[PDB]
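Note that these values count all heavy atoms, side chains included, but never hydrogens, waters or copies made by symmetry. Proteins get letters first, then strands, A, B, ... in listed order; numbering begins at 1 in each.
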Amino acid sequence: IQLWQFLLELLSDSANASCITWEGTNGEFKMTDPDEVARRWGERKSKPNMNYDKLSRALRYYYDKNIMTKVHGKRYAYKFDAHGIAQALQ
Amino acid sequence: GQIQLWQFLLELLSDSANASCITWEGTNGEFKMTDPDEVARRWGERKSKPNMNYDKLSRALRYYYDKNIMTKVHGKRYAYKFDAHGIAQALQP
DNA sequence: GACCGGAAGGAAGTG
DNA sequence: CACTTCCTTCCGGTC
Ligand SMILES: [Ca+2]
Ligand SMILES: [Ca+2]
Ligand SMILES: [Ca+2]
Ligand SMILES: [Ca+2]
Ligand SMILES: [Ca+2]
């Protein structure tokens with residue numbers, strides 16, 4: 001499983017809004033609890049030392065592939081739009 | 001296709017018309033990629049692999065360390081050093 | 001503190 | 001095989 005798949009899995013269920021949520025309609029999302037997202041991403045890949053420094057590095061590798069971009073100035077905010085998902089499913 | 005990354009890099013490096021994206025630096029086999037995204041693109045172009053980027057190219061170069069084909073120029077951005085002895089073995093069947 | 005991106009190397013897939 | 005792909009881990013730097 002890719003990180004971008006797992007994040008869309010969390011974002012699709014409103015019950016995870018406590019740790020991660022959509023914000024707008026254009027694919028912008030925010031991690032309301034980054035440490036909780038990281039902890040769950042770690043539990044998924046059997047990576048119990050996973051944290052936000054490491055998970056965000058994984059997100060940063062998506063910039064060059066046009067898969068997502070940073071919401072400049074918004075704490076824990078990135079953009080995963082329809083262009084982005086199209087690139088992820090190639 | 002068929003071609004290997006170390007050959008493709010030697011091809012570019014031999015022609016100093018490519019100096020804008022990759023050139024020799026020392027006299028001892030050291031080279032720097034002045035435009036790493038451009039080197040990745042052409043490598044992608046060559047191998048019909050259109051999602052190629054420095055992250056994936058540099059990972060390929062990192063596999064050459066244990067093959068004695070090249071080494072990292074430590075503390076110098078996008079800089080590597082070819083080994084004439086390693087190139088020679090890479091050349092053999 | 002976020003955020004950035006270089007560099008190392010593990011691990012699985014490809015063709 | 002010889003990469004390709006996608007990270008995980010670490011870290012020095014900017015802001
Ligand atoms: Ca980049
Ligand atoms: Ca770049
Ligand atoms: Ca500080
Ligand atoms: Ca740090
Ligand atoms: Ca620091």
- Task: Any chance you could list the contact pattern along nucleotides 8-15 of chain C? Use B for base contacts, S for sugar-phosphate-only contacts and - for none, protein heavy atoms under 4.0 Å, 5' to 3'.
- Result: BBBBB---
- Query: For B:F8, what residues pass the ring pair (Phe, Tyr, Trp, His ring centres under 6.0 Å) criterion, not counting sequence neighbours?
  - Reply: B:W43
- What pairs with A:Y52 under ring pair (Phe, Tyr, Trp, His ring centres under 6.0 Å), at least two apart in sequence or on another chain? A:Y76
- Outer limits of DNA chain D sitting under 4.0 Å from a non-hydrogen atom of chain A, read 5' to 3', are D:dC6 to D:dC11
- Query: Taking atom P of C:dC3 as reference, at what distance in whole Å does atom NZ of A:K54 sit?
  - Reply: 18 Å
- Note on the structure: A:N51 CG to C:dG1 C1', in whole Å, measures 14 Å
- Message: Short of 4.0 Å, heavy atom to strand atom, which residues of residues 86-93 of chain B count as contacting DNA chain D?
- Response: none
- Strand contacts (DNA chain D) in residues 38-48 of chain B, 4.0 angstrom heavy-atom criterion: B:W43, B:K47
Please enumerate all residues that pass salt bridge (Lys or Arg N to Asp or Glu O under 4.0 Å) together with [X], with sequence neighbours excluded.
{"X": "A:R57", "answer": "none"}
{"X": "A:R44", "answer": "A:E9"}
{"X": "A:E43", "answer": "A:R39"}

- Do you know which two heavy atoms are closest between B:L5 and B:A60, and how far apart they sit? CD2-CB, 3.5 Å
- What's the shortest heavy-atom distance between B:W24 and B:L13, and which atoms? NE1-O, 3.3 Å
- Look at all strands and tell whether B:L5 reaches a base, only sugar-phosphate, or nothing, counting heavy atoms closer than 4.0 Å. sugar-phosphate
Pairs of donor and acceptor atoms involving the side chains of residues 81-93 of chain B, under 3.5 Å and at least two apart or interchain, shall be tabulated with distances.
| unit_1 | atom_1 | unit_2 | atom_2 | d |
| --- | --- | --- | --- | --- |
| B:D83 | OD1 | B:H85 | N | 3.1 |
| B:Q92 | NE2 | B:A88 | O | 3.0 |

- Message: Would you say A:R75 places a side-chain N or O within less than 4.0 Å of OP1 or OP2 belonging to C:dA2?
- Response: yes
- Looking only at side-chain N and O atoms, does A:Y52 come under 4.0 Å of OP1 or OP2 in C:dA2? no
- Please list, chain by chain and in numerical order, all residues satisfying side-chain contact (heavy atoms from CB on, under 4.5 Å) with B:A40, sequence neighbours excluded. B:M52, B:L57
- Message: Short of 4.0 Å, heavy atom to strand atom, which residues of residues 2-10 of chain A count as contacting DNA chain C?
- Response: none
Got [X] and [Y] here, is their nearest side-chain heavy-atom distance under 4.5 Å?
{"X": "B:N51", "Y": "A:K65", "result": "no"}
{"X": "A:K45", "Y": "A:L3", "result": "no"}
{"X": "B:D35", "Y": "B:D37", "result": "yes"}

- Could you go through the side chain to side chain contact (heavy atoms under 4.5 Å, CB included) check for B:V73 and B:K32 one step at a time? CA-CA 9 Å; B:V73 178; B:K32 163 154 196 149; over 6 Å; no
- Item | In one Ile/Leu/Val/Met/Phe/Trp/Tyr side-chain cluster, 4.5 Å: A:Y61, A:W4 | no
- Kindly assign one of parallel, tilted or perpendicular to the pair A:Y78 and A:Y63, based on the angle between their ring planes and the thresholds 30° and 60°. tilted
